[PDB]
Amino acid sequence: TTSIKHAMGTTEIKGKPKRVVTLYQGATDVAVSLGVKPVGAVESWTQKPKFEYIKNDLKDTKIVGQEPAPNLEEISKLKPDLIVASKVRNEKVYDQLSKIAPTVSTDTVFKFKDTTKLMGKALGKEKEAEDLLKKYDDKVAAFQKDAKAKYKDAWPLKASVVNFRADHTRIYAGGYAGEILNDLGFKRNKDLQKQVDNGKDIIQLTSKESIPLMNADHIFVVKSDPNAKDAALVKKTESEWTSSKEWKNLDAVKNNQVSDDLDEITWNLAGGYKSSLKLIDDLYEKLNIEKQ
């Protein structure tokens, strides 16, 4: 018996759970990373039903529905002994989830270190979770060293992560990639940092007049809108926004310091442990930083 304090209250787990259902992408990733193949998982946001990078670790994992509204009947049918939920997706059905199986919840879906710690405790894989996080911390420390070596007096760089969607544009100031960049020592322009300090993670922008909020020494562009009915609309948004005088006046744009066509799965959708290491690898490549 283990008692866990989490985002939605306290949960008693009897035993070492062996049948876990993961209700957000990162939880699925973390379960696999901890050596526990979920019996059930929400479908992937793209490459449905299972992201290519992980699907061979999810063979026989049953799909329990879409992350915004998983199918409680399908979860029930799996006879899970642990459900991993989030307040952001599942707050309103948390009691219903708890009637099926002990359910633990993080606040959101993208804080993969919190997911890893919580799931480590819930699964009796605390030592495994610690080793995963040590590996990430090591990679972060090495990146900071290599970045300082390349950029010298210009380190730290300011970064922004700009996401073109079908009908608006976002800045992932925090969120999955924004928090990782923060770990890596990248900073934000003062106005963007003020948004973060005010508790904003993901900023939705509706006007090209807001483009200056994106200003940075380097800009990472992600084309992603999983639930758009028309994939072409993301490209239309990118075309319109990147064609504006505002975009052309950004520091990174002027200096040819924009990384375009980044993999949305690595940069946002997967949400998990494995992608964190991959994102850091991407940065060595896109920034031409010697792993020295």
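Note that residue numbering begins at 1 and tracks the sequence as displayed.
Of the two segments, 190-198 and 148-156, the one listed with the higher mean B-factor is 148-156 (C-alpha atoms only). Mean CA temperature factor is higher for 224-232 when stretches 262-270 and 224-232 are set side by side in the entry. Note on the listed residues 87, 127, 113, 168: the highest Cα temperature factor in the record is that of 127.
Comparing the listed residues 60, 246, 67, 29, the entry records the largest Cα B-factor for 60. Residue 137: CA B factor in the highest third of modelled residues in this chain (values from the PDB entry). In the PDB entry, a CA B factor belonging to the lowest third of its chain's modelled residues is recorded for residue 46.
Ranked by C-alpha B-factor against the other modelled residues of its chain, residue 73 falls in the highest third. Residue 174: CA B factor in the lowest third of modelled residues in this chain (values from the PDB entry). In the deposited entry, the Cα temperature factor of residue 11 places it in the highest third of its chain's modelled residues.
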